[PDB]
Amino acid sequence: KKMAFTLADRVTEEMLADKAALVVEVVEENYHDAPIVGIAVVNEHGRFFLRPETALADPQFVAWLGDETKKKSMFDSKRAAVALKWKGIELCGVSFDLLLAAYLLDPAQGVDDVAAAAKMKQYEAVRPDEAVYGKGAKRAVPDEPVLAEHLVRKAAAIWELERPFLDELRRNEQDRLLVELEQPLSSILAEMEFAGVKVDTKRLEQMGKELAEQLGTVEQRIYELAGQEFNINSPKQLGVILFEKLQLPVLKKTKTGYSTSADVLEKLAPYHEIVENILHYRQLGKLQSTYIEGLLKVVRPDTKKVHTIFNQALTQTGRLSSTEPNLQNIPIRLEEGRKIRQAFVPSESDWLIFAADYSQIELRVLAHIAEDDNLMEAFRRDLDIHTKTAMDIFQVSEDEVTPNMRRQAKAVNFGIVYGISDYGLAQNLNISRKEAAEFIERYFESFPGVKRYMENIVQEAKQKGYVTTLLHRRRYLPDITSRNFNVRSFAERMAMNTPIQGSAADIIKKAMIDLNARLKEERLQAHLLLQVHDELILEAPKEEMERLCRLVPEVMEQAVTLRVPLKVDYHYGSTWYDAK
(Lines of atoms letter the chains of each structure in order from A and count residues from 1; the text may use other names and numbers.)
(Lines give C-alpha, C1' and ligand atoms only; values in the text may rest on other atoms or scores of the structure.)
Protein backbone atom coordinates (compact mmCIF):
# COMPACT_ATOMS: atom_id res chain seq x y z
CA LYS A 1 0.00 0.00 0.00
CA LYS A 2 1.50 3.30 -1.20
CA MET A 3 2.42 5.98 1.33
CA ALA A 4 0.60 9.30 1.19
CA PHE A 5 2.62 12.49 0.90
CA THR A 6 2.62 15.94 -0.67
CA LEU A 7 4.87 16.41 -3.69
CA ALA A 8 5.40 20.14 -3.14
CA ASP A 9 6.25 22.81 -5.70
CA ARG A 10 7.11 25.37 -3.02
CA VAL A 11 8.20 25.41 0.63
CA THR A 12 5.52 26.11 3.26
CA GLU A 13 5.48 26.98 6.96
CA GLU A 14 4.11 23.53 7.84
CA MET A 15 7.34 22.03 6.51
CA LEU A 16 9.36 24.07 9.00
CA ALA A 17 8.22 22.57 12.33
CA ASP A 18 10.63 22.38 15.27
CA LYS A 19 10.95 18.59 14.95
CA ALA A 20 11.06 16.36 11.89
CA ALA A 21 12.67 13.41 10.18
CA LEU A 22 14.83 14.79 7.34
CA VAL A 23 16.20 13.17 4.20
CA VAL A 24 18.69 14.99 1.95
CA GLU A 25 19.59 12.31 -0.59
CA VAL A 26 23.06 11.98 -2.11
CA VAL A 27 23.21 8.83 -4.24
CA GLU A 28 26.88 9.04 -5.23
CA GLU A 29 28.96 6.84 -2.89
CA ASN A 30 31.55 9.61 -2.60
CA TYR A 31 29.41 12.57 -1.49
CA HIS A 32 32.04 15.30 -1.99
CA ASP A 33 30.75 18.05 -4.31
CA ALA A 34 28.08 15.51 -5.29
CA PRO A 35 24.43 16.12 -6.30
CA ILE A 36 21.50 16.15 -3.89
CA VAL A 37 18.76 14.36 -5.85
CA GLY A 38 15.76 14.99 -3.63
CA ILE A 39 14.52 15.98 -0.19
CA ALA A 40 11.89 14.50 2.13
CA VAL A 41 10.47 15.88 5.36
CA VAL A 42 8.17 14.10 7.81
CA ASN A 43 6.75 15.91 10.85
CA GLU A 44 3.57 16.31 12.92
CA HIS A 45 1.89 18.06 9.97
CA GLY A 46 2.51 15.32 7.39
CA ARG A 47 4.98 13.95 4.84
CA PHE A 48 6.56 16.10 2.13
CA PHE A 49 8.86 15.73 -0.88
CA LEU A 50 10.77 18.74 -2.23
CA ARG A 51 12.89 19.18 -5.34
CA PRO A 52 16.45 20.22 -4.34
CA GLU A 53 16.70 23.13 -6.78
CA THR A 54 13.53 24.51 -5.18
CA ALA A 55 14.12 23.90 -1.47
CA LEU A 56 17.82 24.78 -1.48
CA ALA A 57 17.04 28.10 -3.17
CA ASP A 58 14.34 28.95 -0.59
CA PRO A 59 15.52 31.42 2.12
CA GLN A 60 13.07 30.00 4.68
CA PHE A 61 14.13 26.39 4.10
CA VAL A 62 17.87 27.15 4.25
CA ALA A 63 17.34 29.12 7.47
CA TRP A 64 15.38 26.22 8.95
CA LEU A 65 18.22 23.86 7.98
CA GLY A 66 20.74 25.98 9.85
CA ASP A 67 18.53 26.68 12.87
CA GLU A 68 19.89 24.68 15.80
CA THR A 69 16.53 24.91 17.62
CA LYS A 70 14.73 23.11 14.79
CA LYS A 71 15.53 19.45 15.52
CA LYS A 72 16.15 16.84 12.83
CA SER A 73 16.37 13.05 12.93
CA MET A 74 18.34 11.54 10.04
CA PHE A 75 20.33 8.60 8.71
CA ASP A 76 24.01 9.34 7.97
CA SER A 77 23.72 13.06 8.67
CA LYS A 78 27.44 13.50 7.87
CA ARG A 79 26.80 12.60 4.22
CA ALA A 80 24.15 15.35 3.97
CA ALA A 81 26.10 17.86 6.03
CA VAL A 82 29.13 17.59 3.75
CA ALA A 83 27.10 17.63 0.52
CA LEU A 84 25.48 20.81 1.85
CA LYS A 85 28.87 22.31 2.84
CA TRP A 86 30.01 22.06 -0.80
CA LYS A 87 26.94 24.14 -1.66
CA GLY A 88 27.66 26.71 1.04
CA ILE A 89 24.71 25.62 3.20
CA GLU A 90 24.98 24.81 6.91
CA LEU A 91 23.10 21.94 8.57
CA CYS A 92 22.43 22.23 12.31
CA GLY A 93 20.10 20.71 14.88
CA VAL A 94 20.56 17.01 14.15
CA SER A 95 19.57 15.41 17.46
CA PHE A 96 19.34 11.78 16.30
CA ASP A 97 21.23 9.85 13.61
CA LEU A 98 19.76 6.39 12.95
CA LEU A 99 22.98 5.09 11.35
CA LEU A 100 25.07 5.84 14.43
CA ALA A 101 22.33 4.54 16.75
CA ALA A 102 22.16 1.21 14.91
CA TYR A 103 25.96 1.00 14.86
CA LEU A 104 26.23 1.36 18.64
CA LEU A 105 23.45 -1.17 19.26
CA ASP A 106 25.13 -3.84 17.14
CA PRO A 107 28.12 -3.07 14.89
CA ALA A 108 28.13 -6.63 13.53
CA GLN A 109 24.82 -6.06 11.79
CA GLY A 110 26.62 -4.02 9.14
CA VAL A 111 23.76 -1.52 8.87
CA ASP A 112 24.40 0.67 5.83
CA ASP A 113 20.90 1.83 4.95
CA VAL A 114 17.61 2.77 6.61
CA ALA A 115 16.03 -0.53 5.64
CA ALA A 116 18.71 -2.57 7.46
CA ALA A 117 18.33 -0.51 10.63
CA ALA A 118 14.52 -0.64 10.48
CA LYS A 119 14.63 -4.42 10.16
CA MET A 120 16.20 -4.54 13.65
CA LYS A 121 12.83 -3.40 15.06
CA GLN A 122 10.55 -5.42 12.76
CA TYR A 123 9.82 -2.39 10.53
CA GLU A 124 9.85 -3.26 6.82
CA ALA A 125 7.75 -0.57 5.14
CA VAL A 126 10.84 0.76 3.38
CA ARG A 127 13.08 -0.62 0.60
CA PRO A 128 16.88 -1.13 0.72
CA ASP A 129 18.71 1.55 -1.30
CA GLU A 130 20.27 -1.05 -3.60
CA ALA A 131 16.85 -2.29 -4.70
CA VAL A 132 15.87 1.26 -5.65
CA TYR A 133 19.14 2.51 -7.15
CA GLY A 134 20.64 -0.76 -8.36
CA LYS A 135 24.34 -1.57 -8.13
CA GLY A 136 27.49 -1.16 -10.19
CA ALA A 137 27.14 0.01 -13.78
CA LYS A 138 23.37 -0.46 -13.57
CA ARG A 139 23.13 2.04 -10.70
CA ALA A 140 20.95 5.08 -11.45
CA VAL A 141 18.55 7.64 -9.99
CA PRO A 142 14.90 6.61 -10.67
CA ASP A 143 12.20 8.86 -12.10
CA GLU A 144 10.66 11.39 -9.70
CA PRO A 145 7.61 9.32 -8.70
CA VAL A 146 9.72 6.35 -7.63
CA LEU A 147 12.41 8.55 -6.07
CA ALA A 148 9.96 10.66 -4.06
CA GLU A 149 8.24 7.65 -2.52
CA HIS A 150 11.51 6.02 -1.51
CA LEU A 151 12.73 9.16 0.26
CA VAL A 152 9.40 9.67 2.03
CA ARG A 153 9.32 6.08 3.30
CA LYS A 154 12.88 6.46 4.61
CA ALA A 155 11.91 9.68 6.40
CA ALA A 156 8.80 7.99 7.79
CA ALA A 157 10.85 5.03 9.04
CA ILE A 158 13.29 7.37 10.80
CA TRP A 159 10.35 9.27 12.35
CA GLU A 160 8.87 6.04 13.74
CA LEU A 161 12.13 4.38 14.84
CA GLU A 162 13.73 7.17 16.89
CA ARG A 163 12.00 6.38 20.21
CA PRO A 164 12.52 2.59 19.97
CA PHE A 165 16.22 3.09 19.25
CA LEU A 166 16.74 5.68 22.00
CA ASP A 167 14.96 3.41 24.50
CA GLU A 168 17.22 0.42 23.84
CA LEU A 169 20.34 2.60 23.85
CA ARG A 170 19.20 3.89 27.25
CA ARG A 171 18.76 0.34 28.59
CA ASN A 172 22.27 -0.42 27.33
CA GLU A 173 23.57 2.72 29.07
CA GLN A 174 24.67 3.92 25.62
CA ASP A 175 22.40 6.97 25.42
CA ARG A 176 25.24 9.36 26.28
CA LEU A 177 27.60 7.42 23.99
CA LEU A 178 25.43 8.44 21.03
CA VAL A 179 24.43 11.96 22.10
CA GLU A 180 27.64 13.16 23.72
CA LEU A 181 30.24 11.21 21.74
CA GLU A 182 29.32 9.80 18.30
CA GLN A 183 26.89 12.48 17.09
CA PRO A 184 29.14 15.43 18.00
CA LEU A 185 32.13 13.58 16.48
CA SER A 186 30.12 13.19 13.28
CA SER A 187 30.07 16.97 12.78
CA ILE A 188 33.81 17.19 13.42
CA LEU A 189 34.59 14.49 10.85
CA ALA A 190 32.42 16.40 8.35
CA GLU A 191 34.54 19.54 8.81
CA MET A 192 37.76 17.51 8.47
CA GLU A 193 36.61 15.78 5.28
CA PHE A 194 35.31 19.01 3.74
CA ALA A 195 38.59 20.79 4.56
CA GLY A 196 40.71 18.10 2.94
CA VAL A 197 44.50 17.73 2.76
CA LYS A 198 46.68 19.61 0.27
CA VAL A 199 48.88 17.46 -1.98
CA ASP A 200 52.12 18.45 -3.73
CA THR A 201 51.33 16.72 -7.04
CA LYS A 202 54.56 17.91 -8.65
CA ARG A 203 56.48 16.16 -5.88
CA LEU A 204 54.49 12.95 -6.31
CA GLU A 205 54.92 12.97 -10.09
CA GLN A 206 58.69 13.34 -9.75
CA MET A 207 58.83 10.45 -7.26
CA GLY A 208 56.82 8.38 -9.71
CA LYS A 209 59.37 9.00 -12.45
CA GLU A 210 62.21 7.81 -10.22
CA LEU A 211 60.26 4.71 -9.16
CA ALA A 212 59.70 3.96 -12.83
CA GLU A 213 63.46 4.03 -13.36
CA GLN A 214 64.16 1.79 -10.37
CA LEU A 215 61.37 -0.66 -11.18
CA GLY A 216 62.68 -0.99 -14.72
CA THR A 217 66.15 -1.89 -13.48
CA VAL A 218 64.94 -4.45 -10.94
CA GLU A 219 62.45 -5.84 -13.45
CA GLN A 220 65.20 -6.64 -15.95
CA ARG A 221 67.57 -7.99 -13.31
CA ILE A 222 64.76 -10.36 -12.33
CA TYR A 223 64.29 -11.71 -15.86
CA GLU A 224 68.07 -11.96 -16.17
CA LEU A 225 68.25 -14.17 -13.07
CA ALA A 226 65.23 -16.25 -14.08
CA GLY A 227 66.54 -16.75 -17.59
CA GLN A 228 63.29 -15.50 -19.11
CA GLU A 229 60.56 -12.86 -18.95
CA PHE A 230 57.29 -13.31 -17.05
CA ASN A 231 54.60 -11.38 -15.17
CA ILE A 232 56.24 -10.85 -11.79
CA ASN A 233 52.92 -9.57 -10.40
CA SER A 234 51.36 -12.96 -11.04
CA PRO A 235 51.62 -15.25 -8.00
CA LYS A 236 51.00 -18.16 -10.37
CA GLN A 237 53.64 -17.32 -12.97
CA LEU A 238 56.07 -16.36 -10.22
CA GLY A 239 55.36 -19.66 -8.48
CA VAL A 240 56.40 -21.63 -11.56
CA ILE A 241 59.68 -19.73 -11.93
CA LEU A 242 60.67 -20.09 -8.28
CA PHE A 243 59.53 -23.59 -7.27
CA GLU A 244 59.80 -25.31 -10.65
CA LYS A 245 62.37 -23.69 -12.94
CA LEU A 246 64.70 -22.66 -10.11
CA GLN A 247 63.83 -25.60 -7.84
CA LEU A 248 63.53 -23.51 -4.69
CA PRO A 249 62.13 -25.28 -1.57
CA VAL A 250 58.37 -25.29 -1.08
CA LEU A 251 57.81 -24.39 2.56
CA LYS A 252 54.14 -23.38 2.31
CA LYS A 253 51.17 -23.60 -0.08
CA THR A 254 48.10 -21.42 -0.63
CA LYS A 255 45.25 -22.74 -2.78
CA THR A 256 45.65 -22.50 -6.55
CA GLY A 257 49.44 -22.69 -6.60
CA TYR A 258 52.42 -22.12 -4.31
CA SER A 259 52.73 -19.45 -1.62
CA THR A 260 54.94 -16.46 -2.45
CA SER A 261 54.20 -14.20 0.52
CA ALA A 262 56.97 -11.88 1.74
CA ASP A 263 57.42 -14.17 4.76
CA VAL A 264 58.06 -17.17 2.51
CA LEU A 265 60.47 -15.30 0.24
CA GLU A 266 62.39 -13.95 3.22
CA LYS A 267 63.26 -17.55 4.10
CA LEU A 268 64.11 -18.44 0.48
CA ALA A 269 66.46 -15.49 0.01
CA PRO A 270 69.48 -17.54 1.18
CA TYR A 271 68.97 -19.98 -1.71
CA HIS A 272 68.79 -17.65 -4.72
CA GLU A 273 69.59 -14.03 -5.66
CA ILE A 274 66.30 -13.62 -7.55
CA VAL A 275 64.36 -13.64 -4.27
CA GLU A 276 65.79 -10.39 -2.91
CA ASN A 277 65.05 -8.71 -6.25
CA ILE A 278 61.44 -9.88 -6.16
CA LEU A 279 60.95 -8.49 -2.65
CA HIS A 280 62.39 -5.14 -3.68
CA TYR A 281 60.32 -5.17 -6.85
CA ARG A 282 57.17 -5.67 -4.78
CA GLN A 283 58.10 -2.84 -2.42
CA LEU A 284 58.55 -0.32 -5.24
CA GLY A 285 55.54 -1.67 -7.09
CA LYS A 286 53.25 -1.04 -4.13
CA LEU A 287 54.43 2.55 -3.75
CA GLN A 288 54.07 3.23 -7.48
CA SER A 289 50.63 1.72 -8.00
CA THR A 290 48.92 2.58 -4.70
CA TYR A 291 50.61 5.69 -3.32
CA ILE A 292 51.73 7.49 -6.46
CA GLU A 293 49.25 6.68 -9.23
CA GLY A 294 46.40 5.81 -6.88
CA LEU A 295 46.76 9.02 -4.89
CA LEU A 296 47.06 11.17 -8.01
CA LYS A 297 43.74 9.73 -9.24
CA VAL A 298 41.78 11.15 -6.31
CA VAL A 299 43.37 14.59 -6.01
CA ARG A 300 41.03 17.42 -7.05
CA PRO A 301 42.53 19.09 -10.16
CA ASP A 302 41.26 22.52 -9.11
CA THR A 303 42.42 22.62 -5.48
CA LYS A 304 45.04 19.85 -5.40
CA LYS A 305 43.40 18.45 -2.27
CA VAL A 306 42.34 14.92 -1.41
CA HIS A 307 39.05 14.63 0.48
CA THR A 308 38.84 11.32 2.36
CA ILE A 309 35.62 9.90 3.79
CA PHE A 310 35.78 8.52 7.34
CA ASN A 311 33.42 5.60 7.82
CA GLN A 312 32.22 6.11 11.39
CA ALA A 313 29.92 3.07 11.46
CA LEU A 314 31.92 0.09 10.26
CA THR A 315 34.63 -1.37 12.52
CA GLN A 316 33.62 -3.89 15.16
CA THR A 317 35.78 -2.23 17.82
CA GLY A 318 34.69 1.41 17.50
CA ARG A 319 37.63 2.57 15.38
CA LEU A 320 37.18 4.74 12.27
CA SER A 321 38.14 3.63 8.74
CA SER A 322 39.19 5.86 5.82
CA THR A 323 38.59 5.65 2.05
CA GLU A 324 39.09 7.24 -1.37
CA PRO A 325 41.80 7.73 -0.44
CA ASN A 326 42.67 5.71 2.67
CA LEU A 327 44.82 8.17 4.61
CA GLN A 328 45.33 5.82 7.54
CA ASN A 329 47.88 3.59 5.83
CA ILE A 330 50.39 5.97 4.22
CA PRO A 331 53.91 4.40 4.37
CA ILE A 332 56.23 5.17 7.28
CA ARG A 333 58.01 1.98 8.37
CA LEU A 334 60.44 1.85 5.43
CA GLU A 335 62.32 5.04 4.52
CA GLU A 336 61.69 4.80 0.78
CA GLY A 337 57.95 4.58 1.36
CA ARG A 338 58.00 7.18 4.13
CA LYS A 339 59.14 9.78 1.58
CA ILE A 340 55.57 9.61 0.26
CA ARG A 341 54.58 11.83 3.18
CA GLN A 342 56.59 14.77 1.86
CA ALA A 343 53.71 15.12 -0.62
CA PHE A 344 51.16 16.05 2.06
CA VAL A 345 51.49 19.76 2.80
CA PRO A 346 49.68 22.66 4.59
CA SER A 347 46.74 24.15 2.68
CA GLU A 348 48.02 27.72 3.09
CA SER A 349 51.24 29.71 2.92
CA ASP A 350 53.16 29.85 6.18
CA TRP A 351 51.09 27.09 7.79
CA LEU A 352 52.57 23.89 9.21
CA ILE A 353 51.57 20.28 9.92
CA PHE A 354 51.21 19.31 13.62
CA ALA A 355 50.95 15.62 14.64
CA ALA A 356 50.31 14.27 18.15
CA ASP A 357 50.18 10.57 19.04
CA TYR A 358 49.41 8.58 22.20
CA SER A 359 52.36 6.54 23.43
CA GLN A 360 51.35 2.91 24.08
CA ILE A 361 47.69 3.72 24.73
CA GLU A 362 46.62 0.08 24.32
CA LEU A 363 49.02 -1.28 26.94
CA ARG A 364 48.15 1.64 29.26
CA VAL A 365 44.44 0.87 28.90
CA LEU A 366 45.24 -2.78 29.69
CA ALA A 367 47.09 -1.82 32.87
CA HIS A 368 44.04 0.21 33.89
CA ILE A 369 41.33 -2.39 33.20
CA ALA A 370 43.34 -5.35 34.52
CA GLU A 371 44.65 -3.39 37.50
CA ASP A 372 47.92 -5.29 37.25
CA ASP A 373 50.26 -3.93 39.94
CA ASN A 374 53.46 -4.60 37.98
CA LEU A 375 52.15 -3.11 34.73
CA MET A 376 50.64 -0.02 36.40
CA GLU A 377 53.91 0.61 38.25
CA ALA A 378 55.80 0.23 34.97
CA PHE A 379 53.80 3.03 33.34
CA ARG A 380 53.82 5.11 36.53
CA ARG A 381 57.61 5.06 36.12
CA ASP A 382 57.15 5.68 32.37
CA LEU A 383 59.51 2.77 31.65
CA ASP A 384 60.29 1.34 28.21
CA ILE A 385 57.58 -1.33 28.38
CA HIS A 386 59.27 -3.79 25.98
CA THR A 387 62.59 -3.69 27.84
CA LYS A 388 60.72 -4.06 31.15
CA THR A 389 58.78 -7.05 29.83
CA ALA A 390 62.06 -8.65 28.68
CA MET A 391 63.55 -8.17 32.15
CA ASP A 392 60.59 -9.91 33.82
CA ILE A 393 60.08 -12.77 31.34
CA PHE A 394 63.79 -13.60 31.10
CA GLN A 395 64.65 -12.75 34.70
CA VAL A 396 67.55 -10.43 33.90
CA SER A 397 68.63 -6.89 34.76
CA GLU A 398 68.09 -3.96 32.39
CA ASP A 399 71.76 -4.18 31.36
CA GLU A 400 71.44 -7.87 30.51
CA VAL A 401 68.60 -7.35 28.01
CA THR A 402 69.90 -7.95 24.49
CA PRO A 403 68.39 -6.54 21.27
CA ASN A 404 66.89 -9.95 20.42
CA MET A 405 65.39 -10.32 23.90
CA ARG A 406 63.59 -6.97 23.58
CA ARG A 407 62.38 -7.85 20.10
CA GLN A 408 60.75 -11.03 21.37
CA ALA A 409 59.28 -9.36 24.48
CA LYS A 410 57.83 -6.75 22.12
CA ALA A 411 56.16 -9.53 20.11
CA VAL A 412 54.76 -11.02 23.32
CA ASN A 413 53.26 -7.63 24.18
CA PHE A 414 51.45 -7.47 20.83
CA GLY A 415 50.06 -10.97 21.25
CA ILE A 416 48.75 -10.08 24.70
CA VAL A 417 46.87 -7.08 23.28
CA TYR A 418 45.62 -8.96 20.19
CA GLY A 419 44.60 -11.99 22.23
CA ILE A 420 47.50 -14.29 23.10
CA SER A 421 47.83 -17.82 21.65
CA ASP A 422 50.94 -20.01 21.36
CA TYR A 423 50.23 -20.71 17.68
CA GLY A 424 49.91 -17.01 16.94
CA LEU A 425 53.08 -16.09 18.80
CA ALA A 426 55.05 -19.07 17.46
CA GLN A 427 54.11 -18.11 13.91
CA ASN A 428 55.18 -14.52 14.58
CA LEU A 429 58.53 -15.31 16.21
CA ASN A 430 59.31 -18.28 13.95
CA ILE A 431 59.57 -20.68 16.90
CA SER A 432 57.78 -23.81 18.13
CA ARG A 433 54.43 -23.76 19.93
CA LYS A 434 56.03 -25.27 23.02
CA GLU A 435 58.53 -22.41 23.16
CA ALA A 436 55.89 -19.75 22.50
CA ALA A 437 53.75 -21.30 25.24
CA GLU A 438 56.71 -21.00 27.59
CA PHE A 439 57.06 -17.28 26.80
CA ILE A 440 53.36 -16.75 27.54
CA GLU A 441 53.48 -18.73 30.77
CA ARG A 442 56.43 -16.59 31.83
CA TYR A 443 54.52 -13.41 30.95
CA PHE A 444 51.48 -14.29 33.06
CA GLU A 445 53.81 -15.19 35.92
CA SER A 446 55.12 -11.60 35.90
CA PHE A 447 51.73 -9.99 35.23
CA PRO A 448 49.18 -12.07 37.24
CA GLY A 449 46.77 -9.16 36.97
CA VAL A 450 46.67 -9.38 33.18
CA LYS A 451 46.19 -13.14 33.45
CA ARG A 452 43.20 -12.74 35.77
CA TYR A 453 41.66 -10.15 33.41
CA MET A 454 42.03 -12.40 30.36
CA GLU A 455 40.44 -15.31 32.19
CA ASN A 456 37.70 -13.11 33.62
CA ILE A 457 36.84 -11.22 30.44
CA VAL A 458 36.36 -14.48 28.52
CA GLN A 459 34.06 -15.73 31.28
CA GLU A 460 32.14 -12.45 31.28
CA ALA A 461 31.66 -12.61 27.51
CA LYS A 462 30.16 -16.07 27.93
CA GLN A 463 27.89 -14.98 30.82
CA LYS A 464 26.65 -11.74 29.25
CA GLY A 465 27.01 -12.56 25.56
CA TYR A 466 29.12 -9.45 24.93
CA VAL A 467 32.03 -7.35 26.17
CA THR A 468 32.15 -3.58 26.66
CA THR A 469 34.55 -0.65 26.51
CA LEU A 470 35.24 2.19 28.94
CA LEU A 471 32.54 4.43 27.42
CA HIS A 472 30.06 1.54 27.08
CA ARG A 473 30.58 0.57 23.45
CA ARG A 474 29.42 -3.01 22.95
CA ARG A 475 30.44 -6.07 20.93
CA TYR A 476 28.44 -9.30 20.93
CA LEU A 477 30.42 -12.55 20.72
CA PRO A 478 28.06 -15.45 19.97
CA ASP A 479 30.94 -17.70 18.80
CA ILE A 480 32.31 -17.64 22.35
CA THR A 481 30.15 -20.72 23.05
CA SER A 482 31.02 -22.66 19.87
CA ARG A 483 32.16 -26.27 20.28
CA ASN A 484 34.59 -25.72 17.41
CA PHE A 485 38.04 -24.89 18.83
CA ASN A 486 39.13 -22.60 16.01
CA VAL A 487 35.86 -20.66 15.99
CA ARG A 488 35.70 -20.42 19.80
CA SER A 489 39.35 -19.37 20.12
CA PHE A 490 38.89 -16.49 17.68
CA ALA A 491 35.96 -15.19 19.74
CA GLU A 492 37.98 -15.48 22.96
CA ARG A 493 40.74 -13.34 21.44
CA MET A 494 38.13 -10.76 20.40
CA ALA A 495 36.80 -10.78 23.99
CA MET A 496 40.33 -10.01 25.15
CA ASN A 497 41.22 -7.46 22.46
CA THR A 498 37.99 -5.48 21.92
CA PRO A 499 37.83 -3.80 25.37
CA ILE A 500 41.44 -2.64 24.81
CA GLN A 501 41.34 -1.45 21.19
CA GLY A 502 37.78 -0.25 21.73
CA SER A 503 38.51 1.76 24.86
CA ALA A 504 41.49 3.34 23.08
CA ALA A 505 39.09 4.34 20.29
CA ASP A 506 36.64 5.83 22.82
CA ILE A 507 39.43 7.94 24.29
CA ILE A 508 40.79 9.50 21.11
CA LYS A 509 37.24 10.26 19.91
CA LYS A 510 36.47 12.16 23.12
CA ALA A 511 39.83 13.88 22.76
CA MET A 512 38.84 15.11 19.29
CA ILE A 513 35.64 16.58 20.73
CA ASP A 514 37.44 18.20 23.67
CA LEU A 515 40.16 19.54 21.37
CA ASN A 516 37.72 21.26 19.01
CA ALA A 517 35.93 22.90 21.92
CA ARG A 518 39.31 24.21 23.13
CA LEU A 519 40.39 25.48 19.69
CA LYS A 520 37.13 27.43 19.46
CA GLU A 521 37.38 28.97 22.95
CA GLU A 522 40.92 30.09 22.08
CA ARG A 523 39.79 31.19 18.60
CA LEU A 524 42.77 29.40 17.04
CA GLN A 525 42.78 28.94 13.26
CA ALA A 526 44.30 25.48 13.71
CA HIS A 527 42.04 22.63 12.69
CA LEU A 528 41.98 18.85 12.60
CA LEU A 529 42.82 17.18 9.29
CA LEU A 530 43.19 13.48 10.06
CA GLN A 531 42.95 10.80 12.71
CA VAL A 532 45.02 7.61 12.46
CA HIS A 533 43.76 5.43 15.34
CA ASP A 534 46.06 6.71 18.11
CA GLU A 535 47.21 9.92 16.45
CA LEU A 536 45.73 13.29 15.44
CA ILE A 537 47.11 15.41 12.56
CA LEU A 538 46.38 19.14 12.33
CA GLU A 539 47.48 22.13 10.28
CA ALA A 540 47.79 25.70 11.50
CA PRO A 541 49.60 29.04 11.06
CA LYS A 542 53.24 28.82 12.06
CA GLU A 543 52.40 31.43 14.73
CA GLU A 544 50.19 28.91 16.56
CA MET A 545 52.74 26.09 17.00
CA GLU A 546 53.95 27.10 20.46
CA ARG A 547 50.38 27.23 21.76
CA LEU A 548 49.51 23.89 20.14
CA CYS A 549 52.59 22.24 21.71
CA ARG A 550 50.95 22.81 25.08
CA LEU A 551 47.24 22.61 24.26
CA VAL A 552 47.03 19.48 22.09
CA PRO A 553 48.94 17.04 24.36
CA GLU A 554 47.11 18.29 27.47
CA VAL A 555 43.66 17.92 25.90
CA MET A 556 44.53 14.42 24.67
CA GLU A 557 46.08 13.42 28.00
CA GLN A 558 43.13 14.68 30.06
CA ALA A 559 40.37 13.22 27.84
CA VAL A 560 39.81 10.50 30.48
CA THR A 561 41.35 9.69 33.86
CA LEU A 562 42.85 6.21 34.25
CA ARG A 563 44.80 4.40 36.98
CA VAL A 564 47.93 5.16 34.96
CA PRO A 565 48.86 8.39 33.19
CA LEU A 566 48.29 8.87 29.45
CA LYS A 567 51.28 10.09 27.43
CA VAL A 568 51.25 12.00 24.15
CA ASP A 569 54.25 12.74 21.92
CA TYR A 570 54.11 15.46 19.26
CA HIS A 571 56.00 16.93 16.30
CA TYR A 572 55.51 19.57 13.61
CA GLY A 573 57.04 20.62 10.28
CA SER A 574 56.68 21.72 6.64
CA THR A 575 55.18 18.44 5.43
CA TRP A 576 53.63 15.39 7.07
CA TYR A 577 56.99 13.67 6.62
CA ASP A 578 58.66 16.40 8.67
CA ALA A 579 56.13 16.22 11.50
CA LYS A 580 58.37 13.69 13.24
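Heads up: residue numbers just count along the shown sequence, starting at 1.
Peer 1: When the C-alpha temperature factors are averaged for each of 50 to 58 and 29 to 37, which stretch ends up with the higher value in the entry?
Peer 2: The stretch with the larger mean CA B-factor is 50 to 58.
Peer 1: Do the CA atoms of 445 to 453 or those of 391 to 399 have the higher mean B-factor in the entry?
Peer 2: The entry gives the higher C-alpha B-factor average to 391 to 399.
Peer 1: Which one of 474, 406, 85, 483 shows the top CA temperature factor in the record?
Peer 2: Within the set 474, 406, 85, 483, 483 shows the top C-alpha B-factor.
Peer 1: Highest Cα B-factor in the deposition, which of 503, 259, 489, 77?
Peer 2: By C-alpha B-factor in the record, 259 ranks first.
Peer 1: Once the chain's modelled residues are ordered by C-alpha B factor and cut into thirds, is residue 208 in the lowest, middle or highest one?
Peer 2: Highest third, going by the recorded CA B-factors of the chain.
Peer 1: With respect to C-alpha B-factor, does residue 230 fall in the lowest, middle or highest third of the chain as deposited?
Peer 2: It belongs to the highest third of the chain when residues are ordered by C-alpha B-factor.
Peer 1: Taking the chain's C-alpha temperature factors as the reference, tell me which third residue 527 falls into: lowest, middle or highest.
Peer 2: It falls in the bottom third of the chain.
Peer 1: Relative to the other modelled residues in the chain, which third contains the C-alpha temperature factor of residue 533: lowest, middle or highest?
Peer 2: Answer is middle: the recorded C-alpha B-factor places it there.
Peer 1: Split the chain's modelled residues into thirds by Cα B-factor; is residue 44 in the lowest, middle or highest one?
Peer 2: Answer is highest: the recorded C-alpha B-factor places it there.
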